[PDB]
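As a plain string of letters, each chain reads:
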Amino acid sequence: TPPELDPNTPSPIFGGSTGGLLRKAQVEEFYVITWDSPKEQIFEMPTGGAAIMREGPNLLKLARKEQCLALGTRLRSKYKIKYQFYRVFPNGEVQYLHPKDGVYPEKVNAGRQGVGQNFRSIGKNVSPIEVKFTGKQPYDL
Amino acid sequence: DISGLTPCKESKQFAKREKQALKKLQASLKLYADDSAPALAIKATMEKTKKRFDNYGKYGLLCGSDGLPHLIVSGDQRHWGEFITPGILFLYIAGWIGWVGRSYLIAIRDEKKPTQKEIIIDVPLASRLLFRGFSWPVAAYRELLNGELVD
Amino acid sequence: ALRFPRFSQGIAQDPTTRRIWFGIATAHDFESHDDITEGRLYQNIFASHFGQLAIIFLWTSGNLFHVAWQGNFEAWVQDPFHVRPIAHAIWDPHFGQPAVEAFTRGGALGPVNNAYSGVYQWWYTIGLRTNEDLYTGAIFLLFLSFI
Amino acid sequence: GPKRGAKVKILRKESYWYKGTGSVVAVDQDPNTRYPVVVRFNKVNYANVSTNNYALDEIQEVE
Amino acid sequence: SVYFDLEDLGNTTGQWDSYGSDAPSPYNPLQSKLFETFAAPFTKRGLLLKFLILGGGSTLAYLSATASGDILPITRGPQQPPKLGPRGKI
Amino acid sequence: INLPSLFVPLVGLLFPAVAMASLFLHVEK
Amino acid sequence: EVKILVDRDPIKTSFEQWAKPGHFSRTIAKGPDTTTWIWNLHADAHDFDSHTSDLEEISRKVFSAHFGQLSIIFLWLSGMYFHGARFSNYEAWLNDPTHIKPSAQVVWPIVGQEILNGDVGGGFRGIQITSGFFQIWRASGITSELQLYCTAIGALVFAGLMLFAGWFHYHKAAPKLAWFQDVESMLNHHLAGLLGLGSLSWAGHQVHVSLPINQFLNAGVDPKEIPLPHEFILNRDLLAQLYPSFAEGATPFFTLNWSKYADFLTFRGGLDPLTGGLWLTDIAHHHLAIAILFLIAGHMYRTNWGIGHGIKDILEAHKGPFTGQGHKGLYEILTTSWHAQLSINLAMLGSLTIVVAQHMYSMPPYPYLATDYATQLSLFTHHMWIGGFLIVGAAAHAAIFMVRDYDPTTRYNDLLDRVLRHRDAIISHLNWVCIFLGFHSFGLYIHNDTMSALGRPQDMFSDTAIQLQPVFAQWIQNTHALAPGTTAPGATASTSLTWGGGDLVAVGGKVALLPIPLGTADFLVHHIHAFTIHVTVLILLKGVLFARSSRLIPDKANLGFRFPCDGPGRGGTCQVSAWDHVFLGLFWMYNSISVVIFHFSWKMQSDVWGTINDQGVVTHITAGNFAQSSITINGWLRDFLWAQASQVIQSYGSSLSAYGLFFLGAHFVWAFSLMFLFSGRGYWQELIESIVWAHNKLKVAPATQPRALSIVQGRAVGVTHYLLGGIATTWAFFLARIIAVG
Amino acid sequence: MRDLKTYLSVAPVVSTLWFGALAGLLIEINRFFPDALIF
Ligand code: CLA
Ligand code: CLA
Ligand code: CLA
Ligand code: CLA
Ligand code: CLA
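First things first, this report covers the structure right here in the doc.

The rules behind each value
Residues numbered from 1 in each chain as written, not as in the entry; some residues may be left out. Chains lettered and ligands numbered in written order. Part of a larger assembly, values for the part shown. Heavy atoms only, no water. Residues with missing side-chain atoms left out of burial classes, pairs and counts. Helix = DSSP H or I, 4+ residues; strand = E, 2+ residues; numbered from the N terminus. Contact = heavy atoms within 4.5 Å. Pairing = 2+ DSSP bridges. Axes fitted to C-alpha atoms, helices over the stretch in contact; angles between N-to-C directions. Patch = residues over 30% accessible without salt bridge, like charges linked within 9 Å, V, L, I, M, F, W, Y side chains within 5 Å. Areas by Shrake-Rupley, 256 points an atom, 1.4 Å probe, with all protein chains shown as cover. Salt bridge = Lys/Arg side-chain N within 4 Å of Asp/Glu carboxyl O. Buried < 20%, exposed > 50% of the residue type's maximum accessible area, 1.4 Å probe, protein only. Donors = N, O, S within 2.8 Å, 3.2 Å for Na, K, Ca; no water.

Moving on, we get to the environment of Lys7(D). Residue and element names in this part refer to chain D. Positionally, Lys-7 belongs in strand β1 (residues 7-10). Remark: the alpha-carbon pair of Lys-7 and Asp-30, spanning 23 residues in sequence, is separated by 22 Å. Setting aside residues no more than four positions away along its own chain, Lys-7 makes contact with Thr-21, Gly-22, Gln-60, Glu-61 and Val-62.

Quick look at the structure:
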């Protein structure tokens, strides 16, 4: 399945705060979260203060991914509304982040390959002396 | 005597301490009517004081150069009351307490909600287990030999 | 690692101030450095021990040198009971006149500190008698430091 | 394996109830289940949990 | 009425010069030449660093080694007779 | 008193300046 | 339509809930699995918000709770009066206030504690009290122990009535939410009925009982020989002999000839020379005027008739260009959230207690109070502490509102939102001003210490070197001293002797009050005060403003008000909760108040208090060393702490020995807190694992599993023992010092 | 009444009564046999 496209949709109503983007957005990376609201309504900003989401498509730029998943969590939990978010680099490149494969990570979905899964109980990790002078950790085996 | 100490009944500084104490009390006593409550109080303090010094002298206590009772705990038989005896008494009482508590915890260990009787005391049970402590050395000694003391 | 600390690219890739602190704080924990082996461990420890020895010898030579140069060792060996052993002279441009007057103890011609390390009693007991002895010992320990 | 309600000793070293005893609730018959032996304990762990899954080599039926 | 543009990431992330003015040099042309010719030796940062460190140290050493007694009480030294120590010690 | 007027500001002001600048540049590289 | 709304029998009265610990919480009611349960039971006991969501039930709970508190206080007052009647030297003290030490506690003779009953005078042996009850009782006109007994009985009765009122208004007739929400009516009744009629009727007691009896006492007549208070009401002839105005009855009052009442309603100011306290005539007039003011003030808000303001209207009327909607929405917030109210009221009540401390030192309202240095020092310190604590509480509950009650989707306010939108600027600015203040106050002290140590006193910041004069405060002093002649013509003297100009009031050979000089040292300490207060504000305000979210923790609000952290991630997030900000703010409040009370103690002992010789020679307790000693940390270390701790450290073998014991005990508890503050519960849990093993070995392991304290409780225990320790230390120090050299 | 008794059997009340009784005992003993340093 192909990821969601990212157009220029209007941003929520807000008078502006001091909790928004900084130089990190300019030099390193920032983030963008989009959602579709049934009506105009008030929501609390992750960066502090109250804003108004418009009806239809909404696009909000945040400084951290955690802020994005926080806002999105509040959207899905309180306003019963689906959301997505991407990471954006200064060169213009956009990386689709969440939800990765179109399905929320809470519920299982075929197609996902395991990462960092050790097929052994945690107590069966080797002692540090077993990995001395190697680059390996007892949990990397 | 022991440790180069001098007996309190023979100690000069001990007596001088009693003197200065009583004289301080009297110096305070001078300001009150003899029949008034403060007078009776201070006088009670004086009598209690001299009775205290006299009793310490009688008990066979040894005094330092400070004029104060020092204690001999080496096991010396002339001073078993200075640690050995009250020590035995203590051990008896502490053993009593611990053994009773142990009994109580064991008694409620096998129940629906044991923690309940730990926050709300079963006073009948506690009163039943209360006097069992009187024979705690005998009870524990037998449990030691039996194998009911540890797991 | 492309930057400080060179012994840990994990810390070297830290974009924060932490990178510096930890860099200083893990500098002697050889076992946890990058690409280390038992050999490098023992060899670095050995060299480090030599370094420590050098620092000790240099320190002692400093003590000897300062007692000989700015102290009253001879006056002390002539009268150990009534002479306060001078550790070293003091030159602090922050001082006021009362401070200068007050800190002029012993037979000094200026402000000094009185030694409480007891190097006087030690050196005098073992055989040192003159400033020259102290100087020669200082030079010898400096030589041991270099060695 | 052991029966339901069987008193078993815990052999998993990293368990809160290690070297202690618990009661068997149910054993999964699915051979793919890595830790079938469901055990329940008298005291909760630091996570306020009173039940845990173990393997066949992590329990020891005693009495 | 939007604030997101991939082609213009500059305006998107507020990378603006709030008070920088494109105005030409308002300074004195003669003084400009004066400074551009006379202050030039100090415009090489390595050479400037060496000059400031070595020169600064040299100056400090000068004024320090030749400090009058009327300025520093530490160079003037004690002027009153010494007092005896607590236990009759010098 | 002659030498201290030379060595004290040397070790107390010049040396730590040189060392701090050097270490700064080293750590920033 | 404001009216009496009540539900009948909402909760059945039964001991059934008494036998079920933690009934209020579904979690706690289930019982204990671990020991943690126990602590929780006490921690959430009065957190009614975590009990129910219903605002009404909570409101009822708080109402009856308040009744319980009032009951307790009445029982407390009852105790004070009863002890003043049965176990005191009060009458003897009345006979000779200047040479008898106030005592109203006696100890039983066991284990030698009898020594605590010291020579307080009046042929009595006991503990000298520093609460100041004797001067109150003298001011109220009380002369006998019988009257104190009666007041005790009255207070006990009132305790019963308050308790019954609690039970009644919780179990029998419990008010509706609309009733509690009638804020216009509540404000009216509290302004006019409570304060107004309170000071009015009190002015009644003062004019009919206090004034005459005190006039007699001051005249010198034996208290037993003084006419009973009821006689001055029955026989107007007596009052007429004392104040001829009463000869014309209440006629000049209604005829507006108020000038005739200048006999007992004065406006002199300053202090009564033969008592060292404010003029009781001035006080009566004060309470009368205050009564009028509050009485008319209680008619401001609209209730059941057309007249009167609406709170919401006044709020919605105030909105500017900078603030947009202004105060709109605040009425709804302040009529649905107990925590917001508690915040405001705690801040203001604390501040009030502070102003009470200052005003009571500088304008002694009770007779023979100013010369009872022990009492004055005690009162100042006490009320200062209470104030600081209440303020910290204000921060706490502000934050608690911020987490639990704030909801911008239903109860929005523009001001709060705008505050939240520039919180970074606010906190950063407070930060900077704190660093600046710290440098330019403490740095002056370190500067002085260094210059003093280097033999350069001419380079210090002092009155004899580089001067830093409190010009502004000096100007205010001069202005207030010259006020009686210019801007307050009807006033005879100044409002306080402490102003820059004036004479000197002394009583019984002791200095009551004199003009307080302000120099460089005072500039220094005042800026220290500004600094410490600013830091405390920084911590607390940062705590409440970032309680909901930060760039670090975007969803902090969901973690609650009180939680240890959000893990070692993000570099480490310990103490991010607003509760932890209350926790740190407590330490800083302790700091500030400590240096404040030290300031007061030293200044008073140095430049004010002391004995006065004939011809006017004043010898102060510490001989004016403040101006020269308080400018270095070493001066406080030696001339204040070291020098004045003498009395406490050699108090053994005397009646003040309890203060030595408490000195040591407080030091101990203080150090003991450091174990909790410096450590963490992991270590303790593992240690507990080993000990538990030992208990299992002997079959004595409890079913309620022994658990280490939670992180938060570790912090709470820490700060609690820290405060108790430090404060009790300064307590013992102060009391031993001032009782021995006073 | 049974509930009240249960409440009286709760840990803090039990402790107050127990330590109250103990305090009374030790006090009276130290009043009758005062200044005891031996036995
Ligand atoms: C025989 C001597 C000796 C040697 C060779 C070592 C060697 C080591 N120690 Mg050990 N240790 C020792 C004794 C020794 N230790 C002693 C005496 C203590 C008790 C203090 C310890 C307690 C200890 C701990 C807790 C740890 C080590 C660790 C280590 C390893 C890393 C050290 C490092 O990189 O720190 C880097 C150096 C610094 C961070 C600077 C140290 C300076 C300290 C902070 C004080 C400076 C304050 C200064 C004097 C103030 C100025 C005063 C002025 C302003 C007036 C290294 C193998 C670490 C380790 O790797 O364990 C796995 C580790 O965690 N040591
Ligand atoms: C090693 C121990 C030691 C210590 C603690 C001191 C301490 C002192 N010296 Mg002395 N000094 C020493 C050894 C020492 N010295 C030796 C061995 C010599 C013979 C070369 C001298 C020659 C000397 C002179 C001529 C003077 C001092 C002076 C002083 C005082 C002012 C500091 C200064 O400017 O000296 C500067 C010290 C040097 C130039 C010699 C040190 C060079 C060695 C070889 C290298 C040291 C590197 C060091 C270990 C690095 C540490 C920092 C690093 C860890 C980051 C101070 C009390 C001054 C004084 O007495 O004022 C009252 C002064 O005028 N020293
Ligand atoms: C440890 C080494 C050290 C030494 C040798 C000094 C020496 C001095 N300090 Mg101190 N200072 C130090 C550390 C030191 N400081 C530290 C760590 C602190 C912070 C705690 C201070 C805080 C401090 C303050 C606040 C003041 C001093 C002052 C002084 C001067 C004494 C007053 C005087 O009458 O001189 C006479 C001084 C003059 C006649 C003017 C000096 C002009 C200098 C010599 C020109 C040097 C130029 C050159 C480019 C310097 C570059 C050096 C750099 C490259 C390394 C003296 C030069 C006083 C001062 O600086 O007065 C102006 C002063 O007010 N110091
Ligand atoms: C006298 C008969 C009586 C009885 C049988 C009850 C019974 C009940 N009350 Mg009621 N109530 C009463 C009188 C009574 N009350 C009085 C006089 C008041 C006014 C204070 C109230 C006000 C009131 C409120 C506000 C609430 C109750 C509640 C309850 C129910 C649960 C309370 C509980 O079990 O904890 C029993 C509590 C204790 C045993 C502790 C007593 C705490 C005292 C009073 C505080 C003062 C102690 C003081 C600080 C001393 C400390 C000394 C030192 C150690 C520091 C229970 C049905 C609660 C309820 O119904 O929840 C749904 C509830 O919220 N009552
Ligand atoms: C105006 C009075 C007032 C009222 C009605 C409240 C009410 C409340 N506070 Mg608040 N608060 C106040 C003032 C007030 N506070 C002040 C002055 C401070 C600054 C210290 C605070 C700081 C504060 C914090 C940090 C917290 C609260 C919390 C609460 C809530 C739970 C309280 C509870 O159940 O604890 C039960 C009561 C106790 C456990 C009492 C024990 C307290 C210590 C141990 C006693 C101190 C020892 C004593 C001085 C001497 C001991 C002598 C001897 C026994 C050794 C409750 C709504 C909590 C909350 O969660 O709110 C939602 C919370 O976390 N308050």
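On we go from here.
Attention shifts here to the sheet that holds strand β2 (residues 103-105) of chain G. Residue and element names in this part refer to chain G. Read across the open sheet, the three strands follow the order β2-β4-β3; overall the sheet is antiparallel. The sheet is open, and its two borders are formed by β2 and β3 (118-121), each paired with just one other strand. Within this sheet the neighbouring strands show an average axis-to-axis angle of 85 degrees, counted without direction.

Before going further, it helps to examine the sheet that holds strand β6 (residues 94-98) of chain A. All names here are of chain A. Spatially, four strands are ordered β4-β1-β5-β6 in an open sheet, and the strand pairing comes out antiparallel. Each of the sheet's edge strands pairs with one partner strand only, and the pair in question is β4 (56-62) and β6. For this sheet, the mean angle separating the axes of adjacent strands, direction not counted, is 25 degrees. Direction of pairing for strand β1 (residues 30-37) relative to strand β5 (residues 83-88): antiparallel, over a ladder of six bridges. Following the sheet pairing, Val-32 is matched in β5 by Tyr-86. Against the sheet, helix α2 (residues 65-78) engages β1, β4, β5 and β6, with an angle of about 170 degrees to β5.

Attention now goes to a nonpolar patch on the surface. There is a patch of nonpolar side chains on the surface, built from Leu130(B), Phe131(B), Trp18(H), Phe19(H), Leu22(H), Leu25(H), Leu26(H), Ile29(H), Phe32(H) and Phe33(H) and spanning about 1100 Å² of accessible area. With seven residues, the single largest contributor to the nonpolar patch is helix α2 (residues 11-32) of chain H. Secondary-structure assignment places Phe131(B) in the loop between α5 (123-130) and α6 (136-146). Relative accessible area serves as the criterion here: at 64%, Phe131(B) is assigned to the exposed category.

Here we come to the coordination of the magnesium atom of ligand 5. Counting protein donors to the magnesium atom of ligand 5 gives just one, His397(G) (NE2), placed at 2.4 Å. Along the polypeptide, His397(G) turns up in helix α15 (residues 373-404).

A few words on the pairing of strand β2 (residues 41-44) of chain A. All names here are of chain A. As paired elements, β2 and strand β3 (residues 50-53) share four bridges and run antiparallel to each other. Bridge pairing in β3 places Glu-44 opposite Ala-50. Between β2 and β3, which follow one another and run antiparallel, lie five residues, and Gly-48 among them has a positive phi close to 95 degrees.

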